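Just the one chain here, laid out as structure tokens, in the form deposited without its partner chain.
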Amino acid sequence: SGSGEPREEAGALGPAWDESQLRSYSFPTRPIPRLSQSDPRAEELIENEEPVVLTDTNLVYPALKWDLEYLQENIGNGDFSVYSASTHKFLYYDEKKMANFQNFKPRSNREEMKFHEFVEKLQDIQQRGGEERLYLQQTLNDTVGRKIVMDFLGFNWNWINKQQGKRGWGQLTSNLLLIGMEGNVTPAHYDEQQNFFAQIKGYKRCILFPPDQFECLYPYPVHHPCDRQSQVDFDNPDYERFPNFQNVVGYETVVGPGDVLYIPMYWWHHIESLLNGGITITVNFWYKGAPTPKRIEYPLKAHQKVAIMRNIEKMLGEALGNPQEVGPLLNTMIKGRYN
């Protein structure tokens, strides 16, 4: 069914959200299980690298207070990466890879600024009834206000640290603070690290796809700036170019304040802030996955095959001396021989 029947907020404050706040798509979805961190099942899902929503971790308990006013007040004077877009879909791209593809034009520009500037430009759009959408995504560093350092320390490091150990993951690569406008959408894509999506303010609809649905999502070429993202426009899927998108089946859920969504590495994920649901705030915890076992066991995992394909592409671009030639060589290699 999807995110299932809208949850009821405590104190009879009404339903947290309603179906009209969710965007419409052409594919079916099964619900991600919402469990308690003390539930053996949740521990089982995380181990078998499957998504799960933990409702009682208290991971970012101290931040549940956060809002635009509180943050602008105690966040600091550091710079904050802020992405913009003319549409609800934010098209991020690896700048370092822009060299490879020339005909590439940026649709999502980045810009550094002080928090008060973000809150400002955010307000201008409100009254001016603007169309421009903004999305703040900045790593949490020492340049943050004292109080924030208190909240940061308040996180349930006890719990997350145990998870990091029980799964044999690597070190916490980074923490990301995301603050977005209602309706904001992060197009389907996958990451190579294990992620804990800690929802703080507002609600976000999360739609995940297993790694084995690689052939239904059609990720951009590895050397392309949009590497790891799906080429398929979920709002207007081109079934002629991407026929297998008609076979895609996802797992979805709506996370709210206090919920932690485990997004396994290599798992595709589409994230959107509910329509007319106000701003959203999230903090992600990214951990390098566990080291690859010595004795390579077969059958091979889907994410492993994905890794293999990425390497073929990288090496090939290395050998040929030009990423632009990867496509022609691959075609030449399969045409009339493997297809």
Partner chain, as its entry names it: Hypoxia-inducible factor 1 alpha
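Numbering follows the first chain given and starts at 1.
Not on display, but discussed next: the form deposited with its partner chain bound.
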Next item on the list: Using a 4.5 Å heavy atom cut-off, state whether residue 304 contacts its partner chain in the deposited bound form.
Entry: yes
Checklist line | its partner chain contact in the deposited bound form: residue 117, any heavy atom under 4.5 Å | finding: no
Next item on the list: Report whether the minimum heavy atom distance between residue 36 and its partner chain in the deposited bound form is within 4.5 Å.
Entry: no
Checklist line | Partner proximity in the deposited bound form: residue 266 to its partner chain, non-hydrogen atom cutoff 4.5 Å | finding: yes
Checklist line | Heavy atom within 4.5 Å of its partner chain in the deposited bound form - residue from 233, 73, 192, 124 | finding: 192
Check: So which bits of 313-331 sit within 4.5 Å of its partner chain in the deposited bound form, heavy atoms only?
Finding: 314, 315, 319
